[PDB]
Amino acid sequence: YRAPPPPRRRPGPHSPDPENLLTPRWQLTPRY
Amino acid sequence: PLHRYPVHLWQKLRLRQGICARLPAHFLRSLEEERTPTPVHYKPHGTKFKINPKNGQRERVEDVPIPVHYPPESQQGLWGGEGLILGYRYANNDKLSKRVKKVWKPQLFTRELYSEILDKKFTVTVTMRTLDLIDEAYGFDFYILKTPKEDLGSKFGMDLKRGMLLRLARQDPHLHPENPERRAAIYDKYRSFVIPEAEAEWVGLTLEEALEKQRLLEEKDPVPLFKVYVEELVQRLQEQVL
Amino acid sequence: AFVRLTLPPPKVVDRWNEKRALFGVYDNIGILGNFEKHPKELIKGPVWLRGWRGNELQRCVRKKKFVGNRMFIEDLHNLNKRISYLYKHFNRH
Amino acid sequence: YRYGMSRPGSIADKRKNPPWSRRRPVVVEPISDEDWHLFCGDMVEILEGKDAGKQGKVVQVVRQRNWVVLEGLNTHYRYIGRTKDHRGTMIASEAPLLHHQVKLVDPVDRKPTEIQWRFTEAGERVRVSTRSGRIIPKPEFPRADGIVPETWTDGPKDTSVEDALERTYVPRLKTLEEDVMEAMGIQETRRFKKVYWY
RNA sequence: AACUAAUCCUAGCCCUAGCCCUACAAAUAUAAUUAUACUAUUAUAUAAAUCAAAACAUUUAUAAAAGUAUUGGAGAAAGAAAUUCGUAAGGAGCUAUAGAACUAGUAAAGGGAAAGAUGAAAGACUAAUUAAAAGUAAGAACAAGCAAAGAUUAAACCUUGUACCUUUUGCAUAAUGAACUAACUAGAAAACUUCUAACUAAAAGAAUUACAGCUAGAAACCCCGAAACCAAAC
RNA sequence: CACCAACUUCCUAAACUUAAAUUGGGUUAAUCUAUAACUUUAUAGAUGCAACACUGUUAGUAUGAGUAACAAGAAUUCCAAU
């Protein structure tokens, strides 16, 4: 077998969508 | 299992789906928006800083609103934000004294007020604070129209607002009947609150009433399939003629 | 007691399957990955105990906080009653 | 309920699967309708069994157990007519064959050729051999009652062939009840008073 | 090769993961299930107490800062913040006394079970497998005796020996408990220390300690049983 | 005018000193996992891991005991007969 690729996180800025219900409130604060 | 959305979001999902979405946008905005009633029995902290216990340093502060009970009779009357305060009291305003179960009653009254827009005098439950507001509002009609629902604190007052708004919106001759010249003055006097007829209808409507009203608006008798096929057949034949 | 009168069928197990063969791989992600991802981040399981461990009361209390709003009403009441017994046992005995 | 050679609901089946029986269920690999390729009357070759390598015609298929039954094949011997006066007569009794134990036969060349399902111009699904591709037509099986349709002779209470095929319906805006009235001239002038449905 | 019996493996369950959700006729709320008029028509209070405080009375929970300050018959206990920080099908589970009470909510509120086993094929006469529980049979007994031991040519004779557990006291001729077979049936926590190692005036993968400290690991404290008490239905 | 009798003591082979809450240390049955072994074993990691006894629970079978105990008018030529 060949080992699975090492996990890689998504890089760069990610802006949460305010309208989305799932996104938490703290991610929408001006401090964020 | 575990619900993807918390229980509080269930209400949000219901509002966002079904006939609730089909409700008029103007009415939906009125329901969605929340305006805090004017404080009457409690005051927010004047200063924004206080001494934290654990660190003994100045810290930001929070406000604890006093519990005030507004009975449904207020919704059937015109109360100026006054309400029943239910709770415990310390006799003589010292903590060292006994604790007594106390119900604090604002002085309640039933009084008659004249409405220029409705051209009728209405006898309703009212408080002294409302009467001062009416004078400050430059008329009883102004107070109903100017005051928001929460500050008004009256379903009947909101219902009165609904009637007044519709009366202004339609320029209905029902205002001051037999006096068209006087009718124009009232409309001009309260011209500021003239709004679209559709919005005025839904002002102050209860959720159950709104849902039934929307259902009645969208309910339509079954189409006889003979007629439907007639229209379809003609359209195809008309297209064929082209 | 009495015992079986028949022998179970023989069973053969492969010890070099991918799961066993690759067990433990990437466990040095932090040291070999510049510590960008801690090995605790690789834990998959119940949300309230991912990268965290505690006594039974702590695990139960953390479970309530994590999924309390998403738990059933009957389960929440049962969990509240269960927490009471756990709290008294550890904190009073 | 374990499916057996006995038809479900039969006396033998009831003995085979009594109400209180909770035997360890036998697991049968599910086969899709498209996947299944064996039908009654199909000539198939037995891959394994007592008569392995002998081509036979299917007569019964218990799809629940993936069983195909070939008459006169996979046969063990039992006694018919066993009684006090007589010992009995030995007869041929067939045993079920699992689907993997048989394969379809190419008509021109008699071999156990693997087949793939494909449609035809008419649209009817037909099995096609994976190698030496050819169409295996659906076999012809006599009616269960034994009645050949054409050979059948009308008995009492039986409509003649032409009578059944005759069409007398004329499209019109009248129901059967209304049409019956016109033919028999039923007329009713009384009217029900207003009824509030609720 | 003996009767009574016994044997078996799946019925299914359990926990997380994932996922929210937005899916016959006839009769019926009258007296439900009564084919058509009567008679207008309708739920829900702080959650409490129990409980803890060895009674009881105010009172008693149900990411880091931190279980700290504060609060509290200052006692059982309760307990923030400021300020930092937070992107994203499986089981070292059970396998018919186990696992859901379950094959089943089946056989006034409400309570709530018992059990099944052939093989590829029974359109092959329904399977075998076991000196295997206690109980019995095959094969009743023979002066003498906690039933055994030392023995012996010899089963019994000769010689020796006050049933067992618990409890009393380190004693019972006390006193409790036991027809027998099978299954089931009760010790759980890390504040500090020693021990085992890493690195060291530094140690811990953020929130911790330090003039040899610091980090990690290991190391611990049961079960069943009242009279009672209260809430909401019937 | 002795002999008998205790592991007291001696002797051959060995051994190195006599109550019970409590306390230190070394093993082990069973089950599962990791990795092996291959007539049923090893090294590690684990646990619903060992019952003659909780007014304990379920099932089987004894004992009392084949004991206590129990029951229909007559004849005939016959129970839908006299």
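Derivation of every value follows stated rules applied to the coordinates shown; laboratory data play no part. Every residue, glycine as well, gets a Cβ built from its backbone with ideal geometry; the counts of neighbours run over all protein chains shown.
Annotations for the structure displayed:
- Remark on the range D:1-106: ratio of C-alpha radius of gyration to 2.2 N^0.38 Å is 1.22.
- 222 nm mean residue ellipticity, helices alone, for chain D (DSSP H n ≥ 4; -39,500 (n - 2.57); rounded to 500): -2500 deg cm²/dmol
- 15 Å Cα-Cα reach of B:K48 towards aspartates and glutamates, excluding residues that sit fewer than 8 places from it in its own chain: B:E59, B:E62, B:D63
- For chain C, the tally of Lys pairs with Cα-Cα distances below 24 Å comes to 16, considering only residues 8 or more apart or on different chains.
- Assuming charge only on the beta carbon of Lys and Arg (+1) and of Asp and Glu (-1), the dipole of chain D about its Cα centre is about 1480 debye to the nearest 20.
- Rg ratio (alpha-carbon, reference 2.2 N^0.38 Å) - the range C:23-62: 1.43
- Dipole magnitude (debye, nearest 20) for the range B:1-120, charges at Cβ of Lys, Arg, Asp, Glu: 780
- Spacing of the two label points (7 Å from each Cα toward its C-beta) at D:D33 and D:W20, in nm: 4.0
- Longest to shortest principal axis, alpha-carbon extents of the range D:146-198, angstrom: 59, 28, 23
- GNM result for chain C, Cα springs below 10 Å: residue of C:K40, C:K81, C:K19 fluctuating most strongly: C:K19
- When the C-alpha to C-alpha distance is required to be over 29 Å, the pairs from B:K101/B:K146; B:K213/D:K193; B:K213/D:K174; B:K227/D:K194; B:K146/B:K213 that qualify are B:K101/B:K146; B:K213/D:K193; B:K213/D:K174.
- The calculated FRET efficiency for the pair C:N55 and C:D27, based on their C-beta separation and a Förster distance of 25 Å, comes to about 0.45.
- Residue of D:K57, D:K157, D:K138 that the Gaussian network model of chain D assigns the largest fluctuation, springs spanning Cα pairs under 10 Å: D:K157
- Zero-based 5 Å bins, Cα pair distances in chain C, whole percents: 2, 10, 12, 11, 11, 9, 9, 11, 15, 8, 2, 1, 0
- When the charge dipole of the range B:1-120 is built from unit charges on Cβ atoms (+1 for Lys and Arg, -1 for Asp and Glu) and taken about the Cα centre, the candidate among B:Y88, B:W104, B:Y42 whose Cα reaches farthest toward its positive end is B:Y88.
- Shown in residue order for the range D:117-124 are the 3J(HN,Hα) couplings computed by the Karplus curve 6.51 cos²θ - 1.76 cosθ + 1.60 at θ = phi - 60°: 7, 8, 7, 10, 4, 5, x, 6 Hz (x for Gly and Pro).
- Note on the range D:1-121: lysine pairs with Cα distance below 21 Å, sequence gap of 8 or more or different chains, count 7.
- Largest mean-square fluctuation among D:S32, D:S93, D:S132, in a Gaussian network model of chain D whose springs join Cα atoms under 10 Å apart, belongs to D:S32.
- Cβ-based charge dipole, the protein assembly as shown, positive-most Cα from B:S74, D:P139, B:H174: B:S74
- Modelled spin labels at B:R99 and A:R9, positioned 7 Å past Cα toward Cβ, are 5.0 nm from each other.
- Å³ per residue enclosed by the Cα convex hull of the range B:97-177: 109
- The 3J(HN,Hα) values that the Karplus relation (6.51, -1.76, 1.60; θ = phi - 60°) gives for the range D:159-171 are, in residue order, 5, 5, 4, 4, 4, 5, 6, 5, 10, 10, 5, 10, x Hz. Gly and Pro appear as x.
- Taking the Cα centre of chain B as origin and assigning +1 to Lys and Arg Cβ atoms and -1 to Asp and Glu Cβ atoms, the resulting dipole is close to 1660 debye.
- In the protein assembly as shown, a dipole from Cβ-located charges (positive for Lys and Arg, negative for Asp and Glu) runs towards its positive end, and of B:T130, B:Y190, D:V105 it is B:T130 whose Cα lies farthest in that direction.
- For the range C:1-66 and the range D:41-83, distance of Cα centres in Å: 51
- The Rg/Rh ratio for chain B, using Cα coordinates for both the radius of gyration and the Kirkwood hydrodynamic radius, is 1.14.
- Sites excluded, GluC sites (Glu not before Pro) in DSSP loops with at most 14 other C-beta within 10 Å, longest stretch of chain B: B:63-177
- Computed [θ] at 222 nm, helices only, for chain B once each DSSP H run of length n ≥ 4 contributes -39500 (n - 2.57): -12500 deg cm²/dmol
- Largest first and in whole Å, the equivalent-ellipsoid semi-axes of chain D read 49, 28, 23, each the square root of five times a Cα gyration tensor eigenvalue.
- Over all directions, the projected convex hull of the C-alpha atoms in the protein assembly as shown averages 66.9 nm² in area.
- Using alpha-carbon coordinates, inclination of helix B:155-170 to the longest axis of chain B, degrees: 40
- With the Kirkwood sum run over all distinct C-alpha pairs, the range B:150-192 has a hydrodynamic radius of 11.1 Å.
- Amide hydrogen proximity for D:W117: with H placed 1.01 Å from N in the peptide plane, the residues at 5 or more positions away or on another chain lying under 5 Å are D:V128.
- Tensor-based shape of the range B:6-117 (alpha-carbon gyration tensor, a/c under 1.5 rounded, otherwise prolate or oblate): oblate
- Residue mean of other protein chain beta carbons inside 10 Å, C:35-41: 1
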